[PDB]
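Here is the structure we will look at.
FYI the Cβ positions are ideal-geometry reconstructions off the backbone, even for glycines, and counts take in every protein chain you see. Just so you know, all these numbers are worked out from the coordinates, no wet-lab data involved.
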Amino acid sequence: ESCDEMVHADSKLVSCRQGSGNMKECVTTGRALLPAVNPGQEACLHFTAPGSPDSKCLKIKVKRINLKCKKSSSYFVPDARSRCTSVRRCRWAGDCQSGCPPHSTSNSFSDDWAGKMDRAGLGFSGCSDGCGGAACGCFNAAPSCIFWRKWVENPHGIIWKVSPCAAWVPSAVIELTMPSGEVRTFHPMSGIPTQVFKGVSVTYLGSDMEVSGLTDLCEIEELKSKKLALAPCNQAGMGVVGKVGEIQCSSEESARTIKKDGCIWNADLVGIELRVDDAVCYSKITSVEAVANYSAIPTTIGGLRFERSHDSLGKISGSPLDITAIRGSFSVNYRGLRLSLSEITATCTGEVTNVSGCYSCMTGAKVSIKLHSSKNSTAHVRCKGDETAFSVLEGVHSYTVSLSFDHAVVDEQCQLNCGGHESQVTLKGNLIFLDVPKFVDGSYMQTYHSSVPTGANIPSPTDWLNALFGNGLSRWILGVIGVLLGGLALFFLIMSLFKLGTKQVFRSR
Amino acid sequence: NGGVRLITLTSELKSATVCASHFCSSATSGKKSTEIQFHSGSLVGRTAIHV
Ligand SMILES: *[C@@H]1O[C@H](CO)[C@@H](O)[C@H](O)[C@H]1NC(C)=O
Ligand SMILES: *[C@@H]1O[C@H](CO)[C@@H](O)[C@H](O)[C@H]1NC(C)=O
Ligand SMILES: *[C@@H]1O[C@H](CO)[C@@H](O)[C@H](O)[C@H]1NC(C)=O
């Protein structure tokens, strides 16, 4: 589409050579600054070489500006169950004389338990006491050593992905297109590196907007059913029992099993109770839908409407009513890149075909320009009021670009130049005015709003009284006279009607 | 006249987001033919819908 907000910060800053024989470049290094633009615009970065007449540009595309948060930590908490078993034995020797553990023996495995498995998981080797007698299992009055072992299992295999965060910094998406032809996408943050690719390090800056009731919120998501929910989650490994933050593990691929060496649990997560050689275990682990302040995919806490934006590396978003933020400018840095220049530009001349659009408003006024040349793309339009750069193709084609005008009747003379050749163009058409749209029921904001032009807010006497009188440099007086005569005639008629009405009201009471 | 309409033939619509020139919206009901509107007179001119 169109382009605006040119910079030209580091023109004529090359130290190249003959360039592979005919014309090439080596590297370009500098620094520029891109101002804030509306969502759905393009910011071009036009370079200028001292030898070559013109060069290519670098377009920056922004689609949505969502309110996401950072990533403090990452972990997976699998679902657990209640499993336990016991065994009944007799003393019959000096191993269970008085107590089961002499001083520190915690290995409650008498070469018979099933703890040496890969599906067992985490547990605690405990022990208890028993009774004596024929009904208790022995034939000698003595405390019987009865061992018990409990653990947790996961029959289904549901895996959750929790990511605590307490920053909620503004962010947006950037669809960057390199001048060579490669087009890639990435999600920059507010002050966070954006994984610089081929030297380009374009970053986004915000305004540090405060939050109303966002203190302890997380972005726990589900993997199988892809279900999202907003609920306060736990912190890193050092945690407390009573809320979310149950038995975790290393990663997702290691979350299917609850085995040790990666799974972390502090203490007191499963209870044990026994009366007579039973050792039954009860469940105390709560599911995700058990703590307070558990929201769902649609969340309208406060002025923010947290929706589920389909996007990679993040599924949490939200957009209040029109905010009109202060500034959202960018910062671009270069380290190294290669670009080719033709420097073989020939005669090129274009003209204007159509013109339409709004007044100085959001979408602007789009003007169609037709060109004809042999070079692929060598053009740079420069005029007063606004500057717009675009790319063309080989041969004769049609292109549509948008410019910013500050006059109702656009009748001026701009200068157009493609590569090294220059010419003159003219624009003539009628435009209209569109203000900020109003809010309607059933519609909710999705990403954000940038800004709306509401500066003048005053009627212009030049554009006004246009269709009232008429056209013409001398027909205006005739139109004014005719309108005045008609107004006087209608005023006399209305006065006569009012006099007749008053006369009818006075008499015949 | 009111806005854009999304048509689904494979299955129902769970959730989707639409994009316009200078505005965006998001709505979901769970039917086949769902309607999504941005505002009153917000789309005036030549724009491209990216859902
Ligand atoms: C839920 O949110 C309310 C209001 O923010 C707060 O007072 C309450 O302590 C929260 N509950 C929990 C368990 O944190
Ligand atoms: C220019 O003429 C009209 C004016 O709006 C427009 O509809 C038409 O598509 C334009 N011509 C071409 C060839 O696109
Ligand atoms: C111009 O474009 C055509 C087709 O897109 C391509 O084959 C050709 O290599 C291009 N020329 C240059 C100098 O990039």
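Below is a table of values for the structure above.
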quantity	calculated
Identity of the residue in the stretch A:441-462, β-branched (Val, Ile, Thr) and under 19 Å from A:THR363 (Cβ atoms), that ends up nearest to the other protein chains (Cβ to nearest Cβ)	A:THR447
A:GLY199 away from ligand 2 (no atom under 16 Å from the Cβ), touching a residue at least 12 places away in the same chain (Cβ under 8 Å) and surrounded by fewer than 16 Cβ atoms within 10 Å (Cβ to Cβ)	yes
Conditions (1) over 18 Å from A:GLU153 (Cβ atoms); (2) touching a residue at least 12 places away in the same chain (Cβ under 8 Å); (3) not charged (D, E, K, R); number of the one not met by A:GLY242	(2)
Filter result for the condition that a residue is part of a strand (DSSP E or B) and either among the hydroxyl-bearing types (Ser, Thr, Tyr) or within 16 Å of ligand 2 (Cβ to nearest atom) (or both), over A:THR345, A:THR363, A:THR353	A:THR353
Residues that are touching a residue at least 60 places away in the same chain (Cβ under 8 Å) and within 14 Å of chain B (Cβ to nearest Cβ), drawn from the stretch A:21-61	A:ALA36, A:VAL37, A:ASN38, A:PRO39, A:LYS61
Whichever residue in the stretch A:230-265 is out of contact with any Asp or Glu (no Cβ under 9 Å at 6 or more places or on another chain) and part of a strand (DSSP E or B) and, among such residues, is surrounded by the most Cβ atoms within 10 Å (Cβ to Cβ)	A:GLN248
The stretch A:389-434 - residue that is among the acidic types (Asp, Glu) and exposed (fewer than 13 other Cβ atoms within 10 Å of the Cβ) and, of those, farthest from the chain's Cα centre (by Cα)	A:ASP411
Identity of the residue in the stretch A:202-237, free of Cβ contacts under 8 Å to residues at least 12 places away in the same chain and over 30 Å from A:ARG327 (Cβ atoms), that ends up nearest to ligand 2 (Cβ to nearest atom)	A:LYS226
A:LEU371 vs. criteria surrounded by 17 or more Cβ atoms within 10 Å (Cβ to Cβ), part of a strand (DSSP E or B) and within 16 Å of ligand 3 (Cβ to nearest atom)	yes
Number of positions in the stretch A:348-360 that are more than 16 Å from ligand 3 (Cβ to nearest atom) and either of a type in the set (A, V, I, L, M) or in contact with a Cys (Cβ under 9 Å, 6 or more places away or on another chain) (or both)	4
Filtered residues of the stretch A:288-319 (kept if polar (S, T, N, Q) and either surrounded by 12 or more Cβ atoms within 10 Å (Cβ to Cβ) or more than 16 Å from ligand 1 (Cβ to nearest atom) (or both))	A:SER295, A:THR299, A:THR300, A:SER309, A:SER312, A:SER317, A:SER319
Enumeration of residues in the stretch A:372-394 that are within 18 Å of A:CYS57 (Cβ to Cβ) and either touching a residue at least 60 places away in the same chain (Cβ under 8 Å) or within 16 Å of ligand 2 (Cβ to nearest atom) (or both)	A:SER377, A:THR378, A:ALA379, A:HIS380, A:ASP386, A:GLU387, A:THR388, A:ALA389, A:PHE390, A:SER391, A:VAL392, A:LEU393
Cβ-Cβ under 7 Å pairs, at least 6 apart or on other chains, the stretch A:353-371 side closer than 25 Å to A:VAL436 by Cα and more than 9 Å from chain B (Cβ to nearest Cβ), far side charged (D, E, K, R) and outside any strand (DSSP E or B)	A:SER360/A:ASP406
Elements of type strands (runs of 3 or more DSSP E) in chain B, at least 3 residues being more than 7 Å from chain A (Cβ to nearest Cβ) and farther than 16 Å from A:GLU307 by Cβ	B:4-7
Only one of A:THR347, A:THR300 that is more than 30 Å from A:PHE433 (Cα to Cα) and in contact (Cβ under 8 Å) with a residue 40 or more places away in the chain	A:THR347
Subset of the stretch A:270-293 (residues that are among the acidic types (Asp, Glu) and in a loop (DSSP other than H, G, I, E, B))	A:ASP277, A:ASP278
Residue in the stretch A:312-332 that is of a type in the set (A, V, I, L, M), within 14 Å of another protein chain (Cβ to nearest Cβ), farther than 23 Å from A:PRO188 by Cβ and more than 16 Å from ligand 2 (Cβ to nearest atom) present	yes
Residue that is nearest to the other protein chains (Cβ to nearest Cβ), among those in the stretch A:64-95 that are buried (at least 19 other Cβ atoms within 10 Å of the Cβ) and assigned to a loop (DSSP other than H, G, I, E, B)	A:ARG64
Every residue from the stretch A:265-301 that is of a type in the set (A, V, I, L, M) and more than 33 Å from the chain's Cα centre (by Cα)	A:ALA267, A:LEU269, A:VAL270, A:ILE272, A:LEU274, A:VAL276, A:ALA279, A:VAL280, A:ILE285
